[PDB]
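Peer 1: pasting the first chains of the complex, positions unchanged:
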Amino acid sequence: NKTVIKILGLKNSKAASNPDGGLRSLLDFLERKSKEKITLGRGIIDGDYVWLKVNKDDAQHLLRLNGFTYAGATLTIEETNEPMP
């Protein structure tokens, strides 16, 4: 089944000044870093978080990337049963 992932720290990063807030570049970075071949299509920014809806296997791959540094900011990745905003 599907799962919701929250990513924190993009706003604090250097990528934040981008037109889209650095959203796509973040998702692109996550795809490269996992090396499991994760595919991130749609993501959104609500509040300080970046929200992703993914399958169970994908969720584990993202959680592995927790604590990595992106654009000069530490990424915090969390699984949640919260409804997608």
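Peer 2: Nice, I can see it. Residues are numbered from 1 along each chain as shown, chains lettered A, B, ... in the order given.
Peer 1: pull the longest helix from chain A.
Peer 2: In chain A, assigned by DSSP state H, the helix with the most residues is helix A:23-34.
Peer 1: how far off centre is the helix or strand following it?
Peer 2: As assigned by DSSP states H and E, the chain's next helix or strand after helix A:23-34 is strand A:44-46. Per Cα atoms, centre = their mean, to the nearest Å, the displacement of strand A:44-46 from the mean C-alpha position of its chain is 10 Å.
Peer 1: who does strand A:44-46 touch, helix- and strand-wise?
Peer 2: Judged by 3 or more Cβ pairs under 8 Å, 6 or more residues apart in numbering; DSSP states H and E, strand A:44-46 is in contact with strand A:49-55. Bear in mind the C-beta positions are built from the backbone N, C-alpha and C, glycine included.
Peer 1: let's bring in chain B now:
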Amino acid sequence: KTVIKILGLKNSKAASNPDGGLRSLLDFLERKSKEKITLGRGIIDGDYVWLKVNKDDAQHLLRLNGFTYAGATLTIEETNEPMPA
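Peer 2: Okay, here's chain B dropped in alongside the others:
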């Protein structure tokens, strides 16, 4: 010494505990291993539980990978990641 990462406590019923269910989890791990293991240093960081243990202890903990605790599937893994302060 070895570092162990545990995932799935947040999804469990013990998550609502005062200490996040850390103590109940470690208590469960000690009993389930049947080695009469003593778990010294542990912490909750993000969705993960971190444990610092000797090598033989790690093997018994690793056997419990995939087991269900408090209604949540546990993913137990060894890592060379530094333990967070």
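Peer 1: once more on what packs on strand A:44-46, with chain B this time?
Peer 2: strand A:49-55 (3 or more Cβ pairs under 8 Å, 6 or more residues apart in numbering or on different chains; DSSP states H and E).
Peer 1: the strand it packs on: partners in the sheet, and parallel or antiparallel?
Peer 2: With DSSP bridges as the test, strand A:49-55 is paired with strand A:2-8 (antiparallel), strand A:44-46 (antiparallel).
Peer 1: would you mind finding the most buried of those strands?
Peer 2: strand A:2-8 (a mean of 18; mean count of other Cβ atoms under 10 Å in any protein chain shown).
Peer 1: for that strand, which outside residues touch it?
Peer 2: The contact list for strand A:2-8 (Cβ atoms under 8 Å, 6 or more residues apart in numbering or on different chains) reads A:26, A:48-56, A:58-59, A:62-63, A:75-84.
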